[PDB]
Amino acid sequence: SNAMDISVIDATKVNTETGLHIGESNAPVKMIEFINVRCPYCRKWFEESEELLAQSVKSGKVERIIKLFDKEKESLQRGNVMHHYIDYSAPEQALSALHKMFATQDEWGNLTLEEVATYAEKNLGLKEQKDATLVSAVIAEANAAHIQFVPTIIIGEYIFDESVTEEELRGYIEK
């Protein structure tokens, strides 16, 4: 859906500190991604951008800052559980985990919250490690920036979502 109001969102209120960092810390282009791993629109964003972002990260052009936004909507609460199995100490492994979570989204996305935890543990081999401060920091940051929906992707003043084309994404990265 057309939901964001890019005019209401305040891209000056987001930061490149909180969240999962993928790529070089000194990469010039900072890509901020508010996502929830149960969201199918976030799934679309992740799959359609996978190759371009992997190359951009590898080439040193882009650093991604992935902000796992725990959400209130009943369905997305399943994603919240998964967000707490992310190992922030091992970013490359965390990105791999996000990829597996998205690939299995329909399998765990419709389970009870307790069963999502069991799936993370038994089916994905993950360990619970909620960082309450980080979780709250992402919610507070989204609130400051008037970001209610996912995915919300921000590069500087440019605010977009899963509807972005790969040509448009290249355009935003290149300026």
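In case it trips you up, residue 1 is the first one in the sequence shown, and so on.
J.: Of the two stretches 34-42 and 48-56, which shows the higher Cα B-factor on average in the entry?
T.: Taking the mean B-factor of the alpha carbons in each, 48-56 is higher.
J.: Determine, for stretches 86-94 and 69-77, which one has the higher mean CA B-factor as deposited.
T.: So the stretch with the higher mean C-alpha B-factor is 86-94.
J.: Where does residue 141 sit by CA temperature factor within its chain: lowest, middle or highest third?
T.: Within its chain, residue 141 is a lowest-third residue by C-alpha B-factor, going by the deposited values.
J.: Splitting the chain's C-alpha B-factors into thirds, which one does residue 14 fall into?
T.: Middle third of the chain for residue 14's C-alpha B-factor.
J.: Would you mind ranking residue 147 by its C-alpha B-factor against the rest of the chain and naming the third, lowest, middle or highest?
T.: For residue 147, whose C-alpha B-factor we compare with every modelled residue in the chain, the answer is the lowest third.
J.: Rank-wise, by C-alpha B-factor, drop residue 61 into the lowest, middle or highest third of its chain.
T.: It falls in the middle third of the chain.
J.: Relative to the other modelled residues of the same chain, rank the CA B-factor of residue 162 and answer lowest, middle or highest third.
T.: Answer is lowest: the recorded C-alpha B-factor places it there.
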